[PDB]
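To start, the structure under review is shown below, and the notes come after it.
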Amino acid sequence: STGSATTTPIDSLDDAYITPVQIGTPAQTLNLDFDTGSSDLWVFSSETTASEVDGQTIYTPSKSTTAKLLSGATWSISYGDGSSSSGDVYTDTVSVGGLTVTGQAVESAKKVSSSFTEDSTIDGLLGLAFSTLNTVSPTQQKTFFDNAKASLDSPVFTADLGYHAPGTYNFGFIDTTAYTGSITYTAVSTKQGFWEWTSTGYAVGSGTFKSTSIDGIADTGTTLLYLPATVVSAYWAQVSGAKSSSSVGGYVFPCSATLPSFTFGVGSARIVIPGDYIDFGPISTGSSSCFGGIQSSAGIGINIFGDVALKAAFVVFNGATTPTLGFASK
Ligand SMILES: CC(C)C[C@H](N)CO
């Protein structure tokens, strides 16, 4: 089997991407944030505290003839941005882009934190990291990808995120028309439950490439590119007036600037992030200070190749027995 679904930015800055997902019978379509940095499929639901729902589409298990309570199971998750959600669990039929999994754990939110409530465009998350991070207790559950794997033509999914445009998530096949050149594959460590890999270095603009190992995660659920303070300082030093602002929470730059590109290494290959991808616009409406798309990972504890980096590439998440990651230009 295979699946193919379009993913769409939620706003003009590509803050996140939503992908329609069919849950239950008859189908209830919810727009989920596909997150390669977590492993829970959770949704706003008929069980969600009413005051915490504001515009989201909800899953109502009582209206699904295939929903079954997973008796005794609960879940609770906290994300890298400080947001959180929790609730109970149903199993139901879940389809993405024509690919169907039966008996998928669908985690129904009883509570969500304010940042979820305040974003009406995201109806929940679909986790695509390794199932060892799944939070369901007392019986840990599998991700949609892990459940689908055996049915897939090839045990892979691909992320092809757009810059200020829709893109695609494919399951079970590699679309050889979706990238240029060749795909360079690189080793993955699953020890922390993430798609964790080691970049071979970086360049700023037209500068020379610095060969240096940078361990990090391929994370579709993080907006920005978070790298070591040394790397990030070298980037922003090439932008007149750029500075790190503790009041704003990272590097800002004059909105009048033209940003340099940023290149990262994948083995002997190079992925170039155009400067425009690194512009996240005014810090507040009407401000001439703009927020940068490359930020320090110091204090996070891990480097994160988020959407800013991933959208510059066609990315293969290879879930074979020994997992690997592939990157191509596009
Ligand atoms: C591991 C985290 C820092 C990032 C994942 N997207 C979950 O928030």
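The figures here come from the full heavy-atom set of this structure, side chains too, leaving out hydrogens, waters and symmetry mates. The chain is numbered in sequence order, starting from 1.
Counted by atom type alone, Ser245 and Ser247 present one or more donor-acceptor pairs between their side chains at under 3.5 Å. When only modelled atom types and interatomic distance are considered, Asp40 and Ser38 share no side-chain donor-acceptor pair under 3.5 Å. Side chain to side chain, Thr117 and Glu52 fail the donor-acceptor criterion of an N or O pair below 3.5 Å.
Below 30°, between 30° and 60°, or above 60°: for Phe262 and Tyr202 the angle between ring planes is below 30°, a parallel geometry. Note on ring orientation: taking the six-membered ring where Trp is involved, the planes of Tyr79 and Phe116 are perpendicular (angle over 60°, cut-offs 30° and 60°). Below 30°, between 30° and 60°, or above 60°: for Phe317 and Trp195 the angle between ring planes is above 60°, a perpendicular geometry. Ring planes of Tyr90 and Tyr59: perpendicular class, angle over 60° (limits at 30 and 60°). Classification of the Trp197-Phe327 ring pair by plane angle, with boundaries at 30° and 60°, yields tilted.
Contact annotation: the side chain of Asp307 approaches that of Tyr17 to within less than 4.5 Å [non-hydrogen atoms, C-beta and beyond].
Residue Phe157 is not grouped with residue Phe173 when hydrophobic side chains (ILVMFWY) are merged at heavy-atom distances under 4.5 angstrom, including chains of intermediate members. Residues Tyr251 and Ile300 share a single hydrophobic cluster, defined by chaining ILVMFWY side chains whose heavy atoms lie under 4.5 Å apart.
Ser131 places a side-chain N or O within donor-acceptor distance of the main-chain N or O of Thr143, the cut-off being under 3.5 Å. Put simply, the side chain of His164 gets close to the backbone of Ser12: a donor and an acceptor are under 3.5 Å apart.
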### Message
Set out, in order, the CA-CA distance, both residues' side-chain angles and the distance that settles ring-ring contact (aromatic ring centres under 6.0 Å, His included) for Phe314 and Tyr179, then state yes or no.
### Response
CA-CA 6 Å; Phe314 177 86; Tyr179 60 88; 5.1 Å; yes
